[PDB]
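Trainee: Let me give you the structure first, and then I'll get to my questions.
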Amino acid sequence: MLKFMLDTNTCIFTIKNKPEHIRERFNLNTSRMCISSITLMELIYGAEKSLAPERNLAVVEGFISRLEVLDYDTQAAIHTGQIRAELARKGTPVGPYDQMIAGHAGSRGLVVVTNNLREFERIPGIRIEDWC
Amino acid sequence: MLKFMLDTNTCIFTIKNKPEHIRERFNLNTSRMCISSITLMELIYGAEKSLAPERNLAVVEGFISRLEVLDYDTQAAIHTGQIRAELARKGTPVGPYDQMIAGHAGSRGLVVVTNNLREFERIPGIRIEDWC
Amino acid sequence: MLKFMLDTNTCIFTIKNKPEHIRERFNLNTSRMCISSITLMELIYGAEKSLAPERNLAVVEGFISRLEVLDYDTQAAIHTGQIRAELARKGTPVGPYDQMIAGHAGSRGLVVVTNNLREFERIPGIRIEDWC
Amino acid sequence: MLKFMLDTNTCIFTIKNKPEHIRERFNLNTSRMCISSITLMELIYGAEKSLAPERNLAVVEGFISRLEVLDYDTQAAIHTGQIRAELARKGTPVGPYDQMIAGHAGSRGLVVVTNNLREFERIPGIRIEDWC
Amino acid sequence: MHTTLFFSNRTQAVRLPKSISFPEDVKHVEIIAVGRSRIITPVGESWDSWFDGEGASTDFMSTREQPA
Amino acid sequence: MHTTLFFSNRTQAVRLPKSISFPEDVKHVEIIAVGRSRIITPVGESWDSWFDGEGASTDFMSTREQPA
Amino acid sequence: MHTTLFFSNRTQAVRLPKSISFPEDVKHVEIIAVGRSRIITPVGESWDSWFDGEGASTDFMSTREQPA
Amino acid sequence: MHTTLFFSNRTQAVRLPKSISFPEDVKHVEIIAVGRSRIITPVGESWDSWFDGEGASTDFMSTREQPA
DNA sequence: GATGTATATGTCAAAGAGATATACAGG
DNA sequence: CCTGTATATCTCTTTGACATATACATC
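Here you go:
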């Protein structure tokens with residue numbers, strides 16, 4: 001029972017702004033959301049290089065504590081490593097973390113929920129949705 | 001009891017050259033060797049994009065088979081989001097894939113086995129070995 | 001280990017016409033390929049309603065024995081019932097067996113190898129390859 | 001020790017009506033009742049395509065989690081495709097989901113419990129009941 | 001409320017506060033996961049929480065649309 | 001599933017079967033009473049809490065990238 | 001992985017651990033020597049054996065009649 | 001060749017034909033599941049069957065297209 | 001002494017893994 | 001007869017599930 005996979009962009013936006021049209025779904029789709037451990041590796045980096053690393057760390061650990069964090073595992077790697085070769089066959093480059101996100105979200109049948117709908121366009125056999 | 005995370009560079013180098021000094025090493029250290037699932041994706045990418053995707057996915061797949069592929073888990077994403085930030089607090093550059101392998105070994109107490117030593121030194125708290 | 005999930009239509013064609021290029025592909029990707037038990041149902045049906053069912057029931061056993069036949073489990077259901085709602089919105093459904101073989105592959109990120117491209121391209125989050 | 005495998009009409013009815021006798025029966029037969037995944041697909045479809053998808057998926061979750069979701073495996077395939085054929089010999093047609101249920105319940109000697117009994121009787125050698 | 005989990009030599013168990021402990025006509029029980037929760041019911045009553053709780057929607061699967 | 005009831009020196013308890021156990025770290029849970037049953041959940045429950053808990057820093061990840 | 005050799009009436013034998021044990025009582029497998037190693041596989045391997053085989057099936061599934 | 005599988009007291013084994021038996025009486029072996037295959041191997045030589053098998057294509061990974 | 005907490009050992013059975021035995025082929 | 005084909009048994013040790021110990025901890 002798992003349905004959505006927040007892109008790193010989404011988590012940043014939600015951490016920074018704490019919107020009200022964000023709080024919308026989180027309450028509805030609680031116990032269906034999660035993030036790739038990759039997205040966690042980005043968040044920790046950003047808190048750690050920030051001027052308030054213990055406040056910014058402290059908000060994150062609350063953020064991900066209310067999600068589930070899925071481990072980048074062997075199926076997620078194979079899948080990324082296939083779709084990464086497709087993007088090469090057709091010249092479309094995507095950043096290395098967001099395709100690892102892509103190759104994870106794909107391997108399990110989840111909808112990556114991002115706000116960068118304009119280059120989450122192309123990654124073969126993806127299922128985006130735009131909570132912003 | 002695992003000790004050795006082979007990097008992507010060693011993997012690739014062994015796949016291409018199947019050297020003899022590696023082959024005795026691989027035989028002694030059989031039940032202590034792994035790779036990060038980050039590496040596996042690269043191996044997989046490299047075969048699919050190659051001029052023989054079926055031939056090279058098999059060679060990988062027997063190479064994979066004889067060791068353990070560790071999932072890039074949370075402890076791995078916390079430890080690389082910390083190794084990645086203080087890396088910027090000192091201005092030394094290492095690849096987004098190379099940070100993750102260094103960090104993942106770092107998160108579990110394993111020594112990275114690489115042949116790009118010079119690029120792994122500047123990584124805080126790391127252990128390093130060369131098997132080529 | 002798996003990548004390709006063989007659609008019914010593709011299997012039917014390979015049974016009736018037993019081509020040569022397919023044999024080549026088949027021999028490259030042995031142990032990469034699979035079918036849904038949805039399909040295995042549909043084959044057994046045809047053999048049984050045919051003339052000389054002993055003849056064909058025989059030939060399929062050799063077919064499916066040389067494949068992997070993947071069970072239509074929880075995640076495969078869930079992912080299929082989702083894709084089944086999205087095409088309800090679009091007003092464009094697909095055949096009910098085709099909707100299941102889709103989401104099965106889709107719940108594990110496999111690529112559907114079919115030959116009715118035009119009907120399967122409208123399935124959300126699909127990857128397609130065509131061998132006929 | 002599973003003995004019952006409820007039909008989609010059975011499950012739909014229980015959800016919309018939550019009658020009382022049906023709750024006593026549910027409570028007495030617990031761990032002796034299951035559903036085919038094929039009915040799980042129809043159940044999350046109905047929830048998704050509803051005008052309350054997250055509320056409805058949260059009733060469906062409380063429902064599957066108290067009983068069992070038997071996989072529609074390969075032994076269940078043959079049974080469906082056999083009785084799918086012999087119904088063609090006899091010219092009486094039956095729904096695909098209702099016929100893929102039926103072929104699951106028999107393959108594991110189980111009681112179909114439904115409320116469209118006149119629909120199901122045409123199915124050769126299936127043991128049925130009603131609980132509504 | 002609030003309580004602890006703990007290990008009794010090899011089994012991970014929760015402690016039951018005295019207020020909401022289980023009555024004397026309840027002496028061993030059933031247990032079921034729904035999401036990150038677990039529900040604990042006495043025997044014969046696992047569906048009682050589900051029947052009493054959240055309902056479906058009114059529109060929910062009026063039709064069914066099985067491809068006739 | 002089936003599980004058990006038992007006394008830890010005075011406190012009543014239940015043993016979670018291992019298949020539906022909680023992570024070994026997790027020590028604190030929220031017990032609540034529905035009809036004759038109980039529910040158990042880990043403690044970081046509400047998405048209300050986190051929106052009404054704290055705030056990020058002004059500059060936190062005003063940038064994010066590596067080689068796109 | 002690790003496993004062990006053993007004699008069953010002067011006949012030598014290997015124990016497949018349950019991790020990588022074979023699904024059915026598929027009773028027949030094809031053994032070979034590679035070097036000082038041994039490779040074991042079920043009997044229905046080669047996809048040519050099925051291509052060089054029976055089943056003209058000329059009437060078989062002129063249609064599939066899925067209920068679209 | 002062609003051998004059989006069989007169950008002992010809850011353990012799945014293969015019967016090794018006397019021709020291809022393992023030299024020396026001997027101690028323990030390693031095993032790995034590749035595909036639907038099982039390779040068996042004397043301890044300390046698990047990797048041999050892979051070095052002496054087919055090699056990767058010259059084009060395999062000339063480049064390793066990692067970013068920065 | 002009601003109420004929680006911790007850990008210290010107990011038995012008990014099933015199961016993966018080993019260890020032998022000793023039946024009956026059927027060329 | 002000798003491989004094979006089966007069967008039996010017997011050790012172990014692990015581990016999940018079931019029970020009793022109080023160390024005491026405080027308020």
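Sequence order for the protein chains is G, E, C, A, B, H, D and F. Here PDB author numbering is used: position 53 in the first sequence is 53, and no number is missing along the way. Here PDB author numbering is used: position 55 in the second sequence is 55, and no number is missing along the way. Here PDB author numbering is used: position 61 in the third sequence is 61, and no number is missing along the way. Here PDB author numbering is used: position 40 in the fourth sequence is 40, and no number is missing along the way. Here PDB author numbering is used: position 5 in the fifth sequence is 5, and no number is missing along the way. Here PDB author numbering is used: position 62 in the sixth sequence is 62, and no number is missing along the way. Here PDB author numbering is used: position 40 in the seventh sequence is 40, and no number is missing along the way. Here PDB author numbering is used: position 65 in the eighth sequence is 65, and no number is missing along the way. Backbone N, C-alpha and C fix where the C-beta goes; we use that ideal spot for every residue, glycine too.
1) Only counting the same chain, and skipping five residues up and downstream in sequence, which positions put a Cβ closer than 8 Å to that of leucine 5 (chain F)?
2) Do you know how far the Cα of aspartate 48 (chain D) is from the Cα of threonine 8 (chain A)?
3) Just the C-alpha distance for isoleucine 38 (chain G) and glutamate 48 (chain A), rounded to the nearest angstrom, thanks.
4) For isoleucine 123 (chain A), does the three-state DSSP call read helix, strand or coil?
5) With three or more C-beta pairs closer than 8 Å as the rule, is the segment 85 to 97 of chain C touching the segment 102 to 118 of chain E?
6) Between the C-alpha atoms of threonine 80 (chain A) and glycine 106 (chain C), what's the straight-line distance to the nearest angstrom?
7) What residues from the segment 19 to 51 of chain G come within 7 Å of chain H, judged by C-beta to C-beta, listed N to C?
8) Against chain E, does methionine 1 (chain C) count as a neighbour if the rule is that its beta carbon must be under 8 Å from one of theirs?
9) Starting from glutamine 99 (chain C), trace the alpha helix (DSSP H) in both directions and tell me its first and last residue.
10) For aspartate 59 (chain B), go through chain A and note every residue whose CB falls closer than 8 Å to its CB, in chain order.
11) Please report whether the beta-carbon of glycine 81 (chain A) lies at a distance below 8 Å from any beta-carbon of chain C.
12) List the residues of chain A that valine 14 (chain B) touches, going by C-beta distances under 9 Å, in chain order.
13) Would you verify that the beta carbon of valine 59 (chain G) is, or is not, closer than 8 Å to some beta carbon of chain H?
14) For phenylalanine 7 (chain F), which of helix, strand or coil comes out of DSSP?
15) Contact defined as beta carbons within less than 8 Å: I believe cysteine 132 (chain G) pairs with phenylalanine 13 (chain G). What is the distance between those atoms, to the nearest angstrom?
16) I'd like the list of long-range same chain contacts for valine 43 (chain D), defined as Cβ closer than 7 Å, with 5 residues on each side in sequence excluded.
17) Applying the criterion that 16 or more other CB atoms from any shown protein chain within 10 Å of the CB defines a buried residue, is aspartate 98 (chain C) buried or exposed?
18) Skipping 5 residues on each side, what residues in its chain have a beta carbon closer than 8 Å to that of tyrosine 72 (chain C)?
19) Between which residues of its own chain and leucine 40 (chain A) is the CB-CB distance below 7 Å, once the five residues before and five after are set aside?
20) Please tell me whether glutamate 24 (chain H) has its Cβ less than 8 Å away from any Cβ of chain G.
21) Kindly give me the distance between the Cβ atoms of residue 133 (chain C) and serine 37 (chain D), rounded to whole angstroms, as I take these residues to be in contact under 8 Å.
22) By the 10 Å Cβ neighbour count, where 16 or more other Cβ atoms means buried, how is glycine 53 (chain H) classified, buried or exposed?
23) Between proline 17 (chain H) and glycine 95 (chain G), is the Cβ-Cβ spacing less than 8 Å?
24) Indicate whether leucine 6 (chain A) and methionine 33 (chain A) have their beta-carbon atoms separated by less than 8 Å.
25) Which residues, in chain order, does the segment 35 to 52 of chain H contribute to contact with chain B at a C-beta distance below 7 Å?
26) My output table needs one value for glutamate 30 (chain F): the three-state DSSP class, helix, strand or coil.
27) Between which two residues does the alpha helix (DSSP H) containing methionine 41 (chain C) stretch?
28) If you draw a straight line from the alpha carbon of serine 21 (chain H) to that of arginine 10 (chain D), how long is it in whole angstroms?
29) Expressed to the nearest angstrom, what Euclidean distance is found between the alpha-carbon atoms of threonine 74 (chain C) and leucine 43 (chain A)?
30) Just checking my contact of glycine 125 (chain G) with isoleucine 126 (chain C) at CB under 8 Å: how many whole Å lie between their CB atoms?
31) Could you say which of G:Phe120, G:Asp130, G:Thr10 and G:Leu67 lies nearest to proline 93 (chain G) if we only look at CA atoms?
32) On a CA-only basis, which of B:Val34, B:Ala33 and B:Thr41 is nearest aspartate 25 (chain B)? Give me that one, please.
33) Interface residues of chain F around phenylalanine 63 (chain E) at Cβ under 7 Å?
34) What does DSSP give as the partner residues of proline 42 (chain F) in its beta bridges?
35) Going straight from the alpha carbon of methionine 1 (chain C) to that of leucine 28 (chain E), what length do you get?
36) Grab me the residues of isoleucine 22 (chain G)'s own chain with a C-beta within less than 8 Å of its C-beta, minus the 5 sequence neighbours each way, in chain order.
Mentor: According to the structure shown:
1) One-based indexing of the eighth sequence puts residue 5 (chain F) at position 5. Excluding five sequence positions before and after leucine 5 (chain F), the CB atoms of its chain that fall closer than 8 Å to its own CB belong to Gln12, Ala13, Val14 and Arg15, given in chain order.
2) In the fourth sequence, residue 8 (chain A) corresponds to position 8, counting from 1. In the seventh sequence, residue 48 (chain D) corresponds to position 48, counting from 1. Cα to Cα, the separation comes out at about 43 Å.
3) Here residue 38 (chain G) corresponds to residue number 38 of the first sequence, with the count starting at 1. Here residue 48 (chain A) corresponds to residue number 48 of the fourth sequence, with the count starting at 1. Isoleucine 38 (chain G) and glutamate 48 (chain A) have their C-alpha atoms roughly 29 Å apart.
4) Position 123 of the fourth sequence, counted from the first residue, corresponds to residue 123 (chain A). Coil, per DSSP.
5) no
6) In the fourth sequence, residue 80 (chain A) corresponds to position 80, counting from 1. In the third sequence, residue 106 (chain C) corresponds to position 106, counting from 1. If I take the Cα positions, the gap works out to 23 Å.
7) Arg23, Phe26, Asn27, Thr30, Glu42, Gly46, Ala47, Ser50 and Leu51
8) To locate residue 1 (chain C), count along the third sequence from 1; it is residue 1. For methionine 1 (chain C), the answer is yes, since a Cβ of chain E falls inside 8 Å of its Cβ.
9) Against the third sequence, residue 99 (chain C) aligns to sequence position 99. Looking at the DSSP string, the run of the alpha helix (DSSP H) that includes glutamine 99 (chain C) is 96 to 106.
10) Counted from its first residue, the fifth sequence places residue 59 (chain B) at position 59. Those are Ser50, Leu51 and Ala52, listed as they occur along chain A.
11) Working through the fourth sequence from its first residue, we reach residue 81 (chain A) at position 81. Closer than 8 Å to some Cβ of chain C, the Cβ of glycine 81 (chain A) qualifies, so yes.
12) Counting from 1 along the fifth sequence, the entry for residue 14 (chain B) is found at position 14. Residues of chain A passing the Cβ test: none, with the nearest at roughly 19 Å.
13) Counting from 1 along the first sequence, the entry for residue 59 (chain G) is found at position 59. Cβ-Cβ to chain H under 8 Å: yes for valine 59 (chain G).
14) Along the eighth sequence, read from residue 1 onward, the residue named residue 7 (chain F) stands at position 7. Reduced to three states, the DSSP call for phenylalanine 7 (chain F) is strand.
15) Within the first sequence, the letter at position 132 stands for residue 132 (chain G). Within the first sequence, the letter at position 13 stands for residue 13 (chain G). Indeed, because the Cβ distance is near 6 Å, the residues count as touching under 8 Å.
16) In the seventh sequence, residue 43 (chain D) corresponds to position 43, counting from 1. Setting aside the 5 residues that flank it on each side, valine 43 (chain D) is surrounded in the same chain by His28, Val29 and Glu30, each with a C-beta closer than 7 Å to its C-beta; the list follows chain order.
17) Indexing the third sequence from 1 puts residue 98 (chain C) at position 98. That one is buried.
18) Position 72 of the third sequence, counted from the start, is the residue given in the question as residue 72 (chain C). These residues qualify, in order along the chain: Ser36, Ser37, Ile38, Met100 and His104.
19) What you label residue 40 (chain A) is simply residue 40 of the fourth sequence in a count that begins at 1. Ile64 and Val69, listed in sequence order.
20) For the purposes of this step, residue 24 (chain H) is taken as the residue at position 24 of the sixth sequence. Judged by the 8 Å Cβ criterion, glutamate 24 (chain H) is not in contact with chain G.
21) Look at the range of chain C in this structure, 1 to 132, and you will see that residue 133 (chain C) is not part of it.
22) Position 53 of the sixth sequence, counted from the first residue, corresponds to residue 53 (chain H). Under this definition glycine 53 (chain H) is an exposed residue.
23) Position 17 of the sixth sequence, counted from the start, is the residue given in the question as residue 17 (chain H). Position 95 of the first sequence, counted from the start, is the residue given in the question as residue 95 (chain G). In this structure, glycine 95 (chain G) does not lie closer than 8 Å to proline 17 (chain H) by Cβ.
24) To locate residue 6 (chain A), count along the fourth sequence from 1; it is residue 6. To locate residue 33 (chain A), count along the fourth sequence from 1; it is residue 33. Yes, they are a contact pair.
25) Against chain B - using a Cβ distance shorter than 7 Å - the residues of the segment 35 to 52 of chain H are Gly35, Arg36, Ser37, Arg38, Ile39, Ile40, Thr41 and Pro42.
26) Within the eighth sequence, residue 30 (chain F) is the residue found at index 30, counting from 1. Strand at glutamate 30 (chain F).
27) Position 41 of the third sequence, counted from the first residue, corresponds to residue 41 (chain C). Per DSSP, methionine 41 (chain C) belongs to the alpha helix (DSSP H) from 37 to 49.
28) To locate residue 21 (chain H), count along the sixth sequence from 1; it is residue 21. To locate residue 10 (chain D), count along the seventh sequence from 1; it is residue 10. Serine 21 (chain H) and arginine 10 (chain D): Cα-Cα distance of roughly 47 Å.
29) Locating residue 74 (chain C) in the third sequence gives position 74, counting from the first residue. Locating residue 43 (chain A) in the fourth sequence gives position 43, counting from the first residue. If you take the alpha carbons of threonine 74 (chain C) and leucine 43 (chain A), they lie about 12 Å apart.
30) Position 125 of the first sequence, counted from the first residue, corresponds to residue 125 (chain G). Position 126 of the third sequence, counted from the first residue, corresponds to residue 126 (chain C). With a Cβ gap of about 6 Å, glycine 125 (chain G) and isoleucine 126 (chain C) count as contacting.
31) Mapped onto the first sequence, residue 93 (chain G) falls at position 93. It is G:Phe120.
32) Position 25 of the fifth sequence, counted from the start, is the residue given in the question as residue 25 (chain B). Comparing Cα-Cα distances from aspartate 25 (chain B) to each of B:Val34, B:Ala33 and B:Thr41, the minimum goes to B:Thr41.
33) Here residue 63 (chain E) is taken as the residue at index 63 of the second sequence, counted from 1. Near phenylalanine 63 (chain E) (Cβ distances below 7 Å), the residues of chain F are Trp50.
34) By 1-based counting over the eighth sequence, the position of residue 42 (chain F) is 42. Paired residues: F:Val29.
35) Residue numbering aside, residue 1 (chain C) sits at position 1 when the third sequence is read from its first letter. Residue numbering aside, residue 28 (chain E) sits at position 28 when the second sequence is read from its first letter. For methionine 1 (chain C) and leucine 28 (chain E), the distance between alpha carbons rounds to 27 Å.
36) One-based indexing of the first sequence puts residue 22 (chain G) at position 22. Answer for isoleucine 22 (chain G): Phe13, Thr14, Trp131 and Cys132, listed in chain order.
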